[PDB]
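Cβ sites come from the backbone with ideal geometry, for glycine too, and all protein chains shown count toward neighbours. Each answer follows from the model by the rule given with it, or from the source it names; none is laboratory data.
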Amino acid sequence: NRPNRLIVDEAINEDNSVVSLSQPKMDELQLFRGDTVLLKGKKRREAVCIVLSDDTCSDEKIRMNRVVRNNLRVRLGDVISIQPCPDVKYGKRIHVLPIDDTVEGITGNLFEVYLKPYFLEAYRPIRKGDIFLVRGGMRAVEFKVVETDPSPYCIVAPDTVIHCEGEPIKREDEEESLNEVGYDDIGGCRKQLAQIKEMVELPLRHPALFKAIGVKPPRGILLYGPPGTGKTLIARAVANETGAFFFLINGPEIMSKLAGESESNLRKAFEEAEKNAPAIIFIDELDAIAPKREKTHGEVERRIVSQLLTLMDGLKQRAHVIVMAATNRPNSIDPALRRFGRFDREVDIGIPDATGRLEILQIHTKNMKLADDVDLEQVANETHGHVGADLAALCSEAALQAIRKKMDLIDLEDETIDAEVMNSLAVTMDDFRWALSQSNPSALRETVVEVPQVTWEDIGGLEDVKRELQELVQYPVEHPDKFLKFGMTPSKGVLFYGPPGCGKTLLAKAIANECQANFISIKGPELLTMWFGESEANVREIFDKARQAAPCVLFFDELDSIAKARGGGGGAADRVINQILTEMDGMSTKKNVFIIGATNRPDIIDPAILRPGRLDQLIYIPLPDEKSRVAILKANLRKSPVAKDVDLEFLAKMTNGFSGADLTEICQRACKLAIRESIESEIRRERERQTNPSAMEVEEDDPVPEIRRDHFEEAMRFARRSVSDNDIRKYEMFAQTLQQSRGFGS
Amino acid sequence: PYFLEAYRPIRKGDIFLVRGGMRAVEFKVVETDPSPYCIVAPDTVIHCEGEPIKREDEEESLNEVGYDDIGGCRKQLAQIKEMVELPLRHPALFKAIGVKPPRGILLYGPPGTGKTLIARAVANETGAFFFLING
Ligand SMILES: Nc1ncnc2c1ncn2[C@@H]1O[C@H](COP(=O)(O)OP(=O)(O)OP(O)(O)=S)[C@@H](O)[C@H]1O
Ligand SMILES: Nc1ncnc2c1ncn2[C@@H]1O[C@H](COP(=O)(O)OP(=O)(O)OP(O)(O)=S)[C@@H](O)[C@H]1O
Ligand SMILES: Nc1ncnc2c1ncn2[C@@H]1O[C@H](COP(=O)(O)OP(=O)(O)OP(O)(O)=S)[C@@H](O)[C@H]1O
Ligand SMILES: [Mg+2]
Ligand SMILES: [Mg+2]
Ligand SMILES: [Mg+2]
């Protein structure tokens, strides 16, 4: 019962000689955050590192980098003893040698480019026989600390002369390489990688214990997503990091053979993974082998599908084999493969969000050298609809434009192998600014599931509606116990209705931002574009995406288009509304999926939507008042530089009966007047400066930097109301008599 | 915990079964000194040391499937017993009657509701020969 045996978890820090610990474990273990610890591992191999602190780190777990993890012959979830050692002295001679595979391109220097900035103000604790890694110069490079004269371990001081001359040596056959793929090469998919580790790590770490329990493990894991999102990468990383045997079956490579060779290749893969248990068999591109029953023709294709089903069912009589697979959508797989005892667990890898895209861009720009203006958060906010492969291509294209301009400088003697041109080489912001425009993203039709970025501050007015939406959406998530006590059940749906342009889409986004839930937006034209024989699996697919990503807000915008397409034979409108109604009835509230609709025409809505148990909360969103108009105009003008002279309350008194869209239109029109005036002034000053050279005052400056009362008072003369007064009386009537539409009605 | 406040009447040569610990376990009462049958009192010292022995080839195992592994389908299992139990219990008598039995029984339902299980249980519990063809 010792407090020094610890177990490895994933690393957050980026350094090669830093381990992390939580503070109570250090205080029990008598360690401070400047110490120099010694770490023992399997096959009697040990390491030396600098410890620091963390709060996200637990006590039963230590977080260390992959380079330390591979110098200890340790994988994820293994045992390591830590002990303090202030017995570390400085050095005199330290002999390093590169490793033969990483040094086949460059020749010339290795000391000043690589080793010189690495040990400067670092004092990295090294030991004899350790491999370390340096990034820089569009390449990563390995070295091994071969010999220390104060043997065996020391701290690299400026006293130590570092021998970097000799032959790059060969590897030992059990040295784990650093060009392999691990968990740090994957970004933007934290949750899914956690699920796959939970499913897979225990039945492959502990086969004997888990056989001795008597529980069944999973055996079929189907990864799916759009093309190019890193599924082959995830399977390869789980295989390398658990250390299991790994056999790869490729889809076209099996279907390209002749007949009896295809059957025997499948059978040999499953037998060979019997022999070397534990294993992982990865079937890449499954829908080339086993597509739909109606899309196969012949004897050979159906015979291969039946072969694969026999082997998947016969895995039960085997020991410790996981079968993974990958496909671009689940609906094209033969549905007999997704039963029980076959591919029964599904993991969905989607397109990344903004945090994900920044993390991809940081992965691919490791070995490159960036210029000092390049801010990758702006690139990550610009690139929308990019999967990971597109971001890798964008980084590669920017690097090639930089090397092309340096061949515009240096072309004559650049043909030799120089390290200096690589030293000077840098990628500016305009290269990324170029390659952003000449890039063709590939996931724009895909439905986006993310948290929105519209807070409550973008919305002006509407103060009781916000309270009512909190009490509908947020309260049965945070406080389920009150609803258990008082004996009621929460409701499921809301319908917003009202005049055009008053802020319904913004409210539906802001409550999803408030509750930190996902958000799926569907518009009426998107449902009507879905075809005659195609709308069915599509509406079911949207309600499935809502169940997988719960707690969710599923928002049906623009219902008046679906209503107007009925009656001019409008059969597709009736088919879509009936199928939405059936899916709402089937939905059980124990996943916290919450449904919202919105309409500008509350007179032609289908009354069966308003039934209790369906969208039966009716919130009327009206034209704003004078205080509300002041709040709207303040909300739209937060980014614009506005002069002090502007009176907003005067604009609110002058604009009566406007909606929110018209107030935004007035702001847009005034800003265009400002840009026109500025460009006239720049043409006039350029003309005058060029027509009178040698001017005594070279004073470049903003002539008008802000928006004054002239611009708003001119933009006010072109204002037009969007909602006429007869319409206002009709919306006031429906505000009270909408709920009576279900009987005979009107 | 098994024999505590139980006083279970045992006999020499019987197999019994204990559940617990994410596993079921078998034992056989091999030898009683008041031969052959007795009641397990706190007087009895219970020898639980030795080698776990092999089975006899006609010992019916308890990892097989019977009618107690099926739940939630009382009515249908009653129908299948009525159709099947008499023509397989008494073949000679039923041939001597002159009535035809059924010969094709189609079980159907959604995926995952235990159809393979029901057929396997009827096969084990009647003791008929059983051949499995897989599609
Ligand atoms: N999440 C990611 N993080 C880092 N790199 C990624 C990521 N996703 C994709 N990539 C890069 O994109 C390349 C192609 O990804 P793939 O693994 O081929 O994706 P995929 O699932 O194979 O798509 P298909 O349908 O097989 S073409 C990878 O080799 C990586 O370089
Ligand atoms: N209450 C409001 N506060 C701030 N901006 C608003 C408000 N209402 C409307 N806007 C602005 O007007 C635009 C239209 O708002 P939406 O919420 O999309 O209105 P809508 O109810 O969906 O009606 P339409 O048909 O879509 S214009 C928004 O993008 C805002 O720029
Ligand atoms: N009524 C039940 N009582 C107890 N366990 C059941 C029951 N139904 C299913 N199971 C369990 O579910 C497992 C799978 O059932 P199966 O016998 O495979 O059903 P099934 O009819 O084979 O479905 P398919 O279409 O063949 S995949 C069984 O091995 C049992 O563990
Ligand atoms: Mg692939
Ligand atoms: Mg809108
Ligand atoms: Mg079956």
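Residues of the stretch B:62-79 include none that is more than 14 Å from chain A (Cβ to nearest Cβ), away from ligand 3 (no atom under 16 Å from the Cβ) and of a type in the set (S, T, N, Q). Of all the residues in the stretch B:14-50, those that are assigned to a loop (DSSP other than H, G, I, E, B) and away from chain A (no Cβ under 14 Å) number 20. Within the stretch A:366-379, the presence of at least one residue that is within 12 Å of ligand 1 (Cβ to nearest atom), within 30 Å of residue A:427 (Cβ to Cβ) and charged (D, E, K, R) is confirmed.
Residues considered: A:689, A:676. Of these, the only one that is of a type outside the set (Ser, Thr, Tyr) and either surrounded by 13 or more Cβ atoms within 10 Å (Cβ to Cβ) or not assigned by CATH to the domain that holds residue A:658 (or both) is A:689. For the stretch A:725-746, enumerate the residues that are more than 19 Å from residue A:618 (Cβ to Cβ) and touching a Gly at 6+ places or on another chain (Cβ under 9 Å). Answer for the stretch A:725-746, where residues must be more than 19 Å from residue A:618 (Cβ to Cβ) and touching a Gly at 6+ places or on another chain (Cβ under 9 Å): just A:725. In this structure, is residue A:608 closer than 30 Å to residue A:717 by Cβ, among the small types (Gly, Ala, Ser) and either more than 16 Å from ligand 4 (Cβ to nearest atom) or crowded, with 17+ Cβ neighbours inside 10 Å (or both)? Here the answer is no, as residue A:608 does not meet what is asked.
Report whether or not residue A:211 is more than 14 Å from chain B (Cβ to nearest Cβ) and part of a helix (DSSP H, G or I).
no
Being among the acidic types (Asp, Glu), surrounded by 12 or more Cβ atoms within 10 Å (Cβ to Cβ) and over 30 Å from residue A:501 (Cβ atoms) is a property that does not hold for residue A:373. Inside the stretch A:316-334, residues that are within 14 Å of chain B (Cβ to nearest Cβ) and closer than 26 Å to residue A:276 by Cβ make up a count of 2. Return the residues of the stretch A:233-268 that are under 21 Å from residue A:10 (Cβ atoms) and either outside any strand (DSSP E or B) or not assigned by CATH to the domain that holds residue A:281 (or both); say none if nothing qualifies. A:233, A:234, A:235, A:236, A:237, A:238, A:239, A:240, A:241, A:242, A:243, A:244, listed by residue number. The single condition among (1) closer than 20 Å to residue A:204 by Cβ; (2) in contact with a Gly (Cβ under 6 Å, 6 or more places away or on another chain); (3) exposed (fewer than 14 other Cβ atoms within 10 Å of the Cβ) that residue A:316 does not satisfy is (2).
Within 14 Å of chain B (Cβ to nearest Cβ) and either surrounded by 19 or more Cβ atoms within 10 Å (Cβ to Cβ) or farther than 30 Å from residue A:208 by Cβ (or both), is that true of residue A:293? Yes; evaluated as a whole, the condition is true for this residue.
Of all residue pairs spaced 6 or more apart or on separate chains, those with beta-carbon atoms under 6 Å, a first member in the stretch B:1-13 that is part of a loop (DSSP other than H, G, I, E, B) and a second member that is among the hydroxyl-bearing types (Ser, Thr, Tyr) are B:12/B:32. Restricting the stretch A:434-454 to residues that are within 16 Å of ligand 2 (Cβ to nearest atom) and surrounded by 12 or more Cβ atoms within 10 Å (Cβ to Cβ) leaves a set whose member that is nearest to residue A:625 (Cα to Cα) is A:454. As a summary of the residue check, residue A:298 satisfies the conditions (1) of a type outside the set (D, E, K, R); (2) within 14 Å of chain B (Cβ to nearest Cβ); (3) on the phi > 0 side of the Ramachandran plot except for the one numbered (2).
Looking across the stretch A:171-208, the residues that are more than 30 Å from residue A:361 (Cα to Cα), part of a loop (DSSP other than H, G, I, E, B) and either within 14 Å of chain B (Cβ to nearest Cβ) or out of contact with any strand residue (DSSP E or B) (no Cβ under 8 Å at 6 or more places or on another chain) (or both) come down to A:172, A:173, A:174, A:206.
Scanning the stretch A:336-356 for residues that are assigned to a loop (DSSP other than H, G, I, E, B), away from chain B (no Cβ under 14 Å) and within 14 Å of residue A:324 (Cβ to Cβ) yields one hit, A:349. Picking from residues in the stretch A:599-636 that are touching a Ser or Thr at 6+ places or on another chain (Cβ under 7 Å) and either away from ligand 2 (no atom under 12 Å from the Cβ) or closer than 21 Å to residue A:545 by Cβ (or both), the one that is nearest to the other protein chains (Cβ to nearest Cβ) is A:616. Scanning the stretch A:359-392 for residues that are assigned to a helix (DSSP H, G or I) and under 18 Å from residue A:233 (Cβ atoms) yields a total of 11. Going through the stretch A:522-538 one residue at a time, which ones are within 27 Å of the chain's Cα centre (by Cα) and surrounded by 19 or more Cβ atoms within 10 Å (Cβ to Cβ)? Hit for the stretch A:522-538 is A:527, nothing else. Across the stretch A:266-287, the qualifying residues are those that are of a type outside the set (A, V, I, L, M, F, W, C) and within 17 Å of residue A:314 (Cβ to Cβ), and the one among them that is surrounded by the most Cβ atoms within 10 Å (Cβ to Cβ) is A:274.
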